[PDB]
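*Asks:* The file below is start_27.cif, mmCIF, C-alpha atoms and all ligand atoms; chains and numbers go by the auth columns:
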```
data_query
loop_
_atom_site.group_PDB
_atom_site.id
_atom_site.type_symbol
_atom_site.label_atom_id
_atom_site.label_comp_id
_atom_site.label_asym_id
_atom_site.label_seq_id
_atom_site.Cartn_x
_atom_site.Cartn_y
_atom_site.Cartn_z
_atom_site.B_iso_or_equiv
_atom_site.auth_seq_id
_atom_site.auth_asym_id
ATOM 1 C CA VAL A 1 93.279 55.127 61.631 0.00 3 A
ATOM 2 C CA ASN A 2 94.749 57.989 63.759 0.00 4 A
ATOM 3 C CA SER A 3 97.501 60.718 63.587 0.00 5 A
ATOM 4 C CA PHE A 4 100.001 59.073 65.979 0.00 6 A
ATOM 5 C CA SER A 5 103.314 58.343 64.167 0.00 7 A
ATOM 6 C CA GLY A 6 106.529 56.415 64.965 0.00 8 A
ATOM 7 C CA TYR A 7 105.108 54.318 67.858 0.00 9 A
ATOM 8 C CA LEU A 8 106.176 50.736 68.555 0.00 10 A
ATOM 9 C CA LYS A 9 103.144 48.474 69.125 0.00 11 A
ATOM 10 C CA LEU A 10 103.403 46.569 72.444 0.00 12 A
ATOM 11 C CA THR A 11 99.925 44.992 72.509 0.00 13 A
ATOM 12 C CA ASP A 12 96.544 45.156 70.777 0.00 14 A
ATOM 13 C CA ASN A 13 95.907 48.544 72.453 0.00 15 A
ATOM 14 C CA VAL A 14 99.187 49.940 73.890 0.00 16 A
ATOM 15 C CA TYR A 15 101.807 51.808 71.846 0.00 17 A
ATOM 16 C CA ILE A 16 105.064 53.490 72.978 0.00 18 A
ATOM 17 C CA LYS A 17 107.451 56.126 71.595 0.00 19 A
ATOM 18 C CA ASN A 18 110.573 58.016 72.764 0.00 20 A
ATOM 19 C CA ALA A 19 109.085 61.504 72.698 0.00 21 A
ATOM 20 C CA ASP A 20 108.448 64.785 74.407 0.00 22 A
ATOM 21 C CA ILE A 21 104.805 64.561 75.510 0.00 23 A
ATOM 22 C CA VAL A 22 104.599 68.367 75.155 0.00 24 A
ATOM 23 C CA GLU A 23 105.953 68.264 71.554 0.00 25 A
ATOM 24 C CA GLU A 24 103.813 65.218 70.756 0.00 26 A
ATOM 25 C CA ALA A 25 100.657 66.936 72.032 0.00 27 A
ATOM 26 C CA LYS A 26 101.484 70.111 70.054 0.00 28 A
ATOM 27 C CA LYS A 27 101.855 68.011 66.844 0.00 29 A
ATOM 28 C CA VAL A 28 98.908 65.587 67.203 0.00 30 A
ATOM 29 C CA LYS A 29 96.376 67.742 69.140 0.00 31 A
ATOM 30 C CA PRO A 30 94.931 64.548 70.583 0.00 32 A
ATOM 31 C CA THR A 31 91.397 64.447 71.985 0.00 33 A
ATOM 32 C CA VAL A 32 92.975 63.560 75.408 0.00 34 A
ATOM 33 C CA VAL A 33 96.435 64.221 76.859 0.00 35 A
ATOM 34 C CA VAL A 34 97.041 62.735 80.311 0.00 36 A
ATOM 35 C CA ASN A 35 98.786 64.804 82.982 0.00 37 A
ATOM 36 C CA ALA A 36 100.830 63.218 85.800 0.00 38 A
ATOM 37 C CA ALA A 37 98.936 65.253 88.374 0.00 39 A
ATOM 38 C CA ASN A 38 98.987 65.480 92.162 0.00 40 A
ATOM 39 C CA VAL A 39 95.850 65.790 94.338 0.00 41 A
ATOM 40 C CA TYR A 40 96.258 69.608 94.600 0.00 42 A
ATOM 41 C CA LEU A 41 96.740 70.033 90.815 0.00 43 A
ATOM 42 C CA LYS A 42 99.946 71.949 91.608 0.00 44 A
ATOM 43 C CA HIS A 43 101.812 71.563 88.305 0.00 45 A
ATOM 44 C CA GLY A 44 105.337 72.359 89.550 0.00 46 A
ATOM 45 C CA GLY A 45 107.632 69.838 87.926 0.00 47 A
ATOM 46 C CA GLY A 46 107.931 66.636 85.986 0.00 48 A
ATOM 47 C CA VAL A 47 105.394 66.080 83.233 0.00 49 A
ATOM 48 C CA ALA A 48 102.872 68.412 84.954 0.00 50 A
ATOM 49 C CA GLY A 49 105.302 71.309 85.171 0.00 51 A
ATOM 50 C CA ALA A 50 106.209 70.835 81.496 0.00 52 A
ATOM 51 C CA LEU A 51 102.576 70.632 80.293 0.00 53 A
ATOM 52 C CA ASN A 52 101.595 73.641 82.381 0.00 54 A
ATOM 53 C CA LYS A 53 104.592 75.698 81.103 0.00 55 A
ATOM 54 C CA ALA A 54 103.547 74.883 77.512 0.00 56 A
ATOM 55 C CA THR A 55 100.063 76.383 78.284 0.00 57 A
ATOM 56 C CA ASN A 56 101.685 79.627 79.570 0.00 58 A
ATOM 57 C CA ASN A 57 100.274 78.780 83.068 0.00 59 A
ATOM 58 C CA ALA A 58 96.645 78.635 81.826 0.00 60 A
ATOM 59 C CA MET A 59 96.478 74.990 83.016 0.00 61 A
ATOM 60 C CA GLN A 60 97.446 76.130 86.557 0.00 62 A
ATOM 61 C CA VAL A 61 94.907 78.991 86.558 0.00 63 A
ATOM 62 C CA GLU A 62 92.108 76.600 85.514 0.00 64 A
ATOM 63 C CA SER A 63 93.296 74.005 88.043 0.00 65 A
ATOM 64 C CA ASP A 64 93.311 76.484 90.930 0.00 66 A
ATOM 65 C CA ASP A 65 89.654 77.335 90.207 0.00 67 A
ATOM 66 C CA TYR A 66 88.829 73.564 90.037 0.00 68 A
ATOM 67 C CA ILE A 67 90.398 72.942 93.457 0.00 69 A
ATOM 68 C CA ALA A 68 88.793 76.026 95.014 0.00 70 A
ATOM 69 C CA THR A 69 85.376 74.623 93.950 0.00 71 A
ATOM 70 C CA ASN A 70 85.834 70.845 94.394 0.00 72 A
ATOM 71 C CA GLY A 71 88.728 70.288 96.787 0.00 73 A
ATOM 72 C CA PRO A 72 91.627 67.889 96.166 0.00 74 A
ATOM 73 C CA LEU A 73 91.494 64.778 94.007 0.00 75 A
ATOM 74 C CA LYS A 74 91.997 61.289 95.483 0.00 76 A
ATOM 75 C CA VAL A 75 95.236 59.371 94.911 0.00 77 A
ATOM 76 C CA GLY A 76 94.179 57.027 92.072 0.00 78 A
ATOM 77 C CA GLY A 77 91.562 59.539 90.883 0.00 79 A
ATOM 78 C CA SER A 78 91.248 61.986 88.009 0.00 80 A
ATOM 79 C CA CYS A 79 89.411 64.949 86.558 0.00 81 A
ATOM 80 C CA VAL A 80 88.853 66.165 83.007 0.00 82 A
ATOM 81 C CA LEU A 81 89.836 69.793 82.307 0.00 83 A
ATOM 82 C CA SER A 82 90.721 71.767 79.216 0.00 84 A
ATOM 83 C CA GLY A 83 93.626 70.691 77.029 0.00 85 A
ATOM 84 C CA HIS A 84 94.334 74.350 76.239 0.00 86 A
ATOM 85 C CA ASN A 85 96.729 74.584 73.250 0.00 87 A
ATOM 86 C CA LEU A 86 97.843 70.945 73.653 0.00 88 A
ATOM 87 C CA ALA A 87 94.715 68.788 73.232 0.00 89 A
ATOM 88 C CA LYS A 88 90.925 69.020 73.388 0.00 90 A
ATOM 89 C CA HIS A 89 90.946 67.758 76.983 0.00 91 A
ATOM 90 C CA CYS A 90 93.506 67.065 79.695 0.00 92 A
ATOM 91 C CA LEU A 91 92.820 64.062 81.906 0.00 93 A
ATOM 92 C CA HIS A 92 94.623 64.884 85.164 0.00 94 A
ATOM 93 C CA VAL A 93 95.397 61.500 86.764 0.00 95 A
ATOM 94 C CA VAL A 94 96.953 61.073 90.219 0.00 96 A
ATOM 95 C CA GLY A 95 99.233 58.086 90.461 0.00 97 A
ATOM 96 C CA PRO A 96 100.747 57.248 93.873 0.00 98 A
ATOM 97 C CA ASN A 97 103.914 59.166 94.690 0.00 99 A
ATOM 98 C CA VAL A 98 106.422 56.726 96.265 0.00 100 A
ATOM 99 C CA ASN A 99 108.440 59.787 97.539 0.00 101 A
ATOM 100 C CA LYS A 100 105.275 60.559 99.734 0.00 102 A
ATOM 101 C CA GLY A 101 104.915 56.853 100.817 0.00 103 A
ATOM 102 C CA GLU A 102 101.624 56.230 98.857 0.00 104 A
ATOM 103 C CA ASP A 103 100.367 52.652 98.194 0.00 105 A
ATOM 104 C CA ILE A 104 101.699 51.431 94.797 0.00 106 A
ATOM 105 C CA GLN A 105 98.490 49.231 94.517 0.00 107 A
ATOM 106 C CA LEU A 106 96.767 52.569 93.778 0.00 108 A
ATOM 107 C CA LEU A 107 98.602 52.595 90.427 0.00 109 A
ATOM 108 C CA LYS A 108 96.041 50.169 88.956 0.00 110 A
ATOM 109 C CA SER A 109 93.171 52.434 90.113 0.00 111 A
ATOM 110 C CA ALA A 110 94.977 55.401 88.492 0.00 112 A
ATOM 111 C CA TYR A 111 95.250 53.611 85.131 0.00 113 A
ATOM 112 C CA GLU A 112 91.572 52.565 85.284 0.00 114 A
ATOM 113 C CA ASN A 113 90.692 56.239 84.588 0.00 115 A
ATOM 114 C CA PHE A 114 92.120 55.808 81.083 0.00 116 A
ATOM 115 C CA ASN A 115 89.330 53.309 80.239 0.00 117 A
ATOM 116 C CA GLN A 116 86.807 56.209 80.175 0.00 118 A
ATOM 117 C CA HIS A 117 88.501 57.558 76.992 0.00 119 A
ATOM 118 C CA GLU A 118 88.737 55.734 73.655 0.00 120 A
ATOM 119 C CA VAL A 119 92.199 57.137 72.734 0.00 121 A
ATOM 120 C CA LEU A 120 94.801 58.931 74.903 0.00 122 A
ATOM 121 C CA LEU A 121 98.324 60.341 74.737 0.00 123 A
ATOM 122 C CA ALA A 122 99.899 59.650 78.149 0.00 124 A
ATOM 123 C CA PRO A 123 103.050 59.376 80.245 0.00 125 A
ATOM 124 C CA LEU A 124 103.814 56.377 82.417 0.00 126 A
ATOM 125 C CA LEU A 125 101.951 57.006 85.675 0.00 127 A
ATOM 126 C CA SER A 126 103.975 57.254 88.872 0.00 128 A
ATOM 127 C CA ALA A 127 107.266 57.300 86.858 0.00 129 A
ATOM 128 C CA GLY A 128 109.866 60.069 86.996 0.00 130 A
ATOM 129 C CA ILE A 129 109.676 62.241 90.103 0.00 131 A
ATOM 130 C CA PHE A 130 106.746 60.123 91.460 0.00 132 A
ATOM 131 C CA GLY A 131 109.368 57.477 92.306 0.00 133 A
ATOM 132 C CA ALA A 132 107.851 54.224 90.976 0.00 134 A
ATOM 133 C CA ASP A 133 109.666 51.710 88.769 0.00 135 A
ATOM 134 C CA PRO A 134 108.686 52.618 85.174 0.00 136 A
ATOM 135 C CA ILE A 135 108.925 48.929 84.136 0.00 137 A
ATOM 136 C CA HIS A 136 106.236 48.174 86.733 0.00 138 A
ATOM 137 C CA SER A 137 104.166 51.162 85.557 0.00 139 A
ATOM 138 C CA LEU A 138 104.217 49.869 81.955 0.00 140 A
ATOM 139 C CA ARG A 139 103.155 46.366 83.114 0.00 141 A
ATOM 140 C CA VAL A 140 100.207 47.799 85.108 0.00 142 A
ATOM 141 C CA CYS A 141 99.266 49.969 82.101 0.00 143 A
ATOM 142 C CA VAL A 142 99.181 46.978 79.722 0.00 144 A
ATOM 143 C CA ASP A 143 97.267 44.847 82.221 0.00 145 A
ATOM 144 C CA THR A 144 94.707 47.594 83.125 0.00 146 A
ATOM 145 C CA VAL A 145 94.044 49.894 80.155 0.00 147 A
ATOM 146 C CA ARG A 146 91.767 48.439 77.468 0.00 148 A
ATOM 147 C CA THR A 147 91.371 51.627 75.407 0.00 149 A
ATOM 148 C CA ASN A 148 94.012 52.791 72.971 0.00 150 A
ATOM 149 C CA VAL A 149 96.936 54.416 74.741 0.00 151 A
ATOM 150 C CA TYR A 150 99.942 56.094 73.126 0.00 152 A
ATOM 151 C CA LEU A 151 102.723 56.337 75.726 0.00 153 A
ATOM 152 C CA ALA A 152 105.429 58.984 75.370 0.00 154 A
ATOM 153 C CA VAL A 153 108.858 58.486 77.078 0.00 155 A
ATOM 154 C CA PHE A 154 111.382 61.319 76.699 0.00 156 A
ATOM 155 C CA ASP A 155 114.457 59.568 78.147 0.00 157 A
ATOM 156 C CA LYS A 156 115.884 57.452 75.289 0.00 158 A
ATOM 157 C CA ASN A 157 117.743 55.326 77.781 0.00 159 A
ATOM 158 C CA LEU A 158 114.549 54.430 79.692 0.00 160 A
ATOM 159 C CA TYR A 159 112.564 53.967 76.451 0.00 161 A
ATOM 160 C CA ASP A 160 115.115 51.383 75.253 0.00 162 A
ATOM 161 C CA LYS A 161 115.066 49.577 78.613 0.00 163 A
ATOM 162 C CA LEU A 162 111.197 49.477 78.639 0.00 164 A
ATOM 163 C CA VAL A 163 111.087 47.967 75.123 0.00 165 A
ATOM 164 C CA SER A 164 113.950 45.484 75.654 0.00 166 A
ATOM 165 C CA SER A 165 112.479 44.192 78.966 0.00 167 A
ATOM 166 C CA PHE A 166 108.806 44.043 77.827 0.00 168 A
ATOM 167 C CA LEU A 167 107.207 40.625 78.173 0.00 169 A
HETATM 168 N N1 LIG B . 108.920 63.693 81.754 0.00 201 A
HETATM 169 S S1 LIG B . 109.037 65.018 80.713 0.00 201 A
HETATM 170 O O1 LIG B . 108.214 64.911 79.507 0.00 201 A
HETATM 171 O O2 LIG B . 108.619 66.261 81.333 0.00 201 A
HETATM 172 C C1 LIG B . 110.755 65.354 80.258 0.00 201 A
HETATM 173 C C2 LIG B . 111.746 64.526 80.695 0.00 201 A
HETATM 174 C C3 LIG B . 113.034 64.830 80.339 0.00 201 A
HETATM 175 CL CL1 LIG B . 114.331 63.766 80.839 0.00 201 A
HETATM 176 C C4 LIG B . 113.348 65.932 79.591 0.00 201 A
HETATM 177 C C5 LIG B . 112.347 66.756 79.155 0.00 201 A
HETATM 178 CL CL2 LIG B . 112.753 68.169 78.176 0.00 201 A
HETATM 179 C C6 LIG B . 111.034 66.483 79.501 0.00 201 A
#
```
Show how you would write the structure in this file as structure tokens.
Ligand SMILES: NS(=O)(=O)c1cc(Cl)cc(Cl)c1
*Replies:*
Amino acid sequence: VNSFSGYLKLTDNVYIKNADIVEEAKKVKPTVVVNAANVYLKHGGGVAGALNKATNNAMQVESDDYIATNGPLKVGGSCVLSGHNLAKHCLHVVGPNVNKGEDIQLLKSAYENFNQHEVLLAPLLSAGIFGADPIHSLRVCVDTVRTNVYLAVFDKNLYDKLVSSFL
């Protein structure tokens, strides 16, 4: 049994809710929240900008030190950093950004990072300002992630379309 409440069950392991991932993280304090990161861990906008704002920029300060030591992530890659006030850990995952022309096949590699964690609160990778079709992102999630994933979707319109169209 876990703390997550109000989710619709899509599969054995994937759950979805119309929610504010920031507000959901603040309530649950999950072991892992996933960030929709870029390779530079520059948390300017989208989910990353919202998560970072909720940490009062501490996520960005930590991320800048990580990049100064390790250099950029790979598209499809990830790193584990602090969850600050939101979670124990933040798994920063880089999905392909279609608005940069990145290979959408890298979306499966991105989701494979989730399998290193038993339970996660996450957004749909490559959705929103990363330009991918969120319906496609949810299909790749269900077909790739084997651990227990709680997906948060703020836009009620998109949430309803994802549920109604789910095979
Ligand atoms: N992707 S997100 O969680 O940052 C998000 C999306 C919308 Cl449409 C509104 C808010 Cl307040 C937050």
*Asks:* Quick one: contact table of range 11-48 of chain A to range 78-83 of chain A, 10 Å max, nearest atom pair and distance in Å to one decimal per residue, counting all atoms listed in the file, chain and number order, as a Markdown table?
*Replies:*
```
| residue | atom | partner | partner_atom | distance |
| --- | --- | --- | --- | --- |
| A:34 | CA | A:82 | CA | 9.0 |
| A:35 | CA | A:82 | CA | 10.0 |
| A:36 | CA | A:82 | CA | 9.3 |
| A:37 | CA | A:80 | CA | 9.5 |
| A:38 | CA | A:80 | CA | 9.9 |
| A:39 | CA | A:80 | CA | 8.4 |
| A:40 | CA | A:80 | CA | 9.5 |
| A:41 | CA | A:79 | CA | 8.3 |
| A:43 | CA | A:81 | CA | 9.9 |
```
*Asks:* Determine, for each residue of chain A having at least one atom at most 8 Å from an atom of ligand LIG 201 (chain A), the closest pair of atoms and their separation in Å to one decimal, counting all atoms listed in the file; order by chain and ascending number, as JSON lines.
*Replies:*
```
{"residue": "A:21", "atom": "CA", "partner": "A:LIG201", "partner_atom": "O1", "distance": 7.7}
{"residue": "A:22", "atom": "CA", "partner": "A:LIG201", "partner_atom": "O1", "distance": 5.1}
{"residue": "A:23", "atom": "CA", "partner": "A:LIG201", "partner_atom": "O1", "distance": 5.3}
{"residue": "A:24", "atom": "CA", "partner": "A:LIG201", "partner_atom": "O1", "distance": 6.6}
{"residue": "A:47", "atom": "CA", "partner": "A:LIG201", "partner_atom": "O2", "distance": 7.6}
{"residue": "A:48", "atom": "CA", "partner": "A:LIG201", "partner_atom": "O2", "distance": 4.7}
{"residue": "A:49", "atom": "CA", "partner": "A:LIG201", "partner_atom": "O2", "distance": 3.7}
{"residue": "A:50", "atom": "CA", "partner": "A:LIG201", "partner_atom": "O2", "distance": 7.1}
{"residue": "A:51", "atom": "CA", "partner": "A:LIG201", "partner_atom": "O2", "distance": 7.2}
{"residue": "A:52", "atom": "CA", "partner": "A:LIG201", "partner_atom": "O2", "distance": 5.2}
{"residue": "A:53", "atom": "CA", "partner": "A:LIG201", "partner_atom": "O2", "distance": 7.5}
{"residue": "A:125", "atom": "CA", "partner": "A:LIG201", "partner_atom": "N1", "distance": 7.4}
{"residue": "A:130", "atom": "CA", "partner": "A:LIG201", "partner_atom": "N1", "distance": 6.4}
{"residue": "A:154", "atom": "CA", "partner": "A:LIG201", "partner_atom": "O1", "distance": 7.7}
{"residue": "A:155", "atom": "CA", "partner": "A:LIG201", "partner_atom": "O1", "distance": 6.9}
{"residue": "A:156", "atom": "CA", "partner": "A:LIG201", "partner_atom": "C2", "distance": 5.1}
{"residue": "A:157", "atom": "CA", "partner": "A:LIG201", "partner_atom": "CL1", "distance": 5.0}
```
*Asks:* Run the PyMOL selection byres (((chain A and resi 115) around 10) and not hetatm) mentally over the shown coordinates, then write out the matched residues as JSON, numbers by chain, using the chain letters and numbers from the document.
*Replies:* {"A": [78, 79, 80, 81, 93, 94, 95, 96, 110, 111, 112, 113, 114, 116, 117, 118, 119, 146, 147]}
*Asks:* Deliver the residues from the most recent selection as a file, using C-alpha atoms, as a PDB file, in the frame of the given file.
*Replies:*
```pdb
ATOM      1  CA  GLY A  78      94.179  57.027  92.072  1.00  0.00           C
ATOM      2  CA  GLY A  79      91.562  59.539  90.883  1.00  0.00           C
ATOM      3  CA  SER A  80      91.248  61.986  88.009  1.00  0.00           C
ATOM      4  CA  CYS A  81      89.411  64.949  86.558  1.00  0.00           C
ATOM      5  CA  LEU A  93      92.820  64.062  81.906  1.00  0.00           C
ATOM      6  CA  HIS A  94      94.623  64.884  85.164  1.00  0.00           C
ATOM      7  CA  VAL A  95      95.397  61.500  86.764  1.00  0.00           C
ATOM      8  CA  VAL A  96      96.953  61.073  90.219  1.00  0.00           C
ATOM      9  CA  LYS A 110      96.041  50.169  88.956  1.00  0.00           C
ATOM     10  CA  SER A 111      93.171  52.434  90.113  1.00  0.00           C
ATOM     11  CA  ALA A 112      94.977  55.401  88.492  1.00  0.00           C
ATOM     12  CA  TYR A 113      95.250  53.611  85.131  1.00  0.00           C
ATOM     13  CA  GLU A 114      91.572  52.565  85.284  1.00  0.00           C
ATOM     14  CA  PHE A 116      92.120  55.808  81.083  1.00  0.00           C
ATOM     15  CA  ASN A 117      89.330  53.309  80.239  1.00  0.00           C
ATOM     16  CA  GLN A 118      86.807  56.209  80.175  1.00  0.00           C
ATOM     17  CA  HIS A 119      88.501  57.558  76.992  1.00  0.00           C
ATOM     18  CA  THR A 146      94.707  47.594  83.125  1.00  0.00           C
ATOM     19  CA  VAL A 147      94.044  49.894  80.155  1.00  0.00           C
TER      20      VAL A 147
END
```
*Asks:* Residues at most 8 Å from residue 86 in chain A, counting all atoms listed in the file, excluding those fewer than 5 positions away in the same chain, as a PyMOL selection string?
*Replies:* chain A and resi 57+60-61+91
*Asks:* Between CA of residue 27 in chain A and CA of residue 107 in chain A, what is the distance, to one decimal in Å?
*Replies:* 28.7 Å
*Asks:* Just to confirm, what's the straight-line distance from CA of residue 101 in chain A to CA of residue 131 in chain A in Å (one decimal)?
*Replies:* 7.9 Å
*Asks:* Find the distance between CA of residue 161 in chain A and CA of residue 134 in chain A and write it in Å to one decimal.
*Replies:* 15.3 Å
*Asks:* Pick from A:102, A:19, A:45, A:31: nearest to residue 88 in chain A, with only C-alpha atoms counted?
*Replies:*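 Ranking A:102, A:19, A:45, A:31 by distance to residue 88 in chain A, first place goes to A:31.
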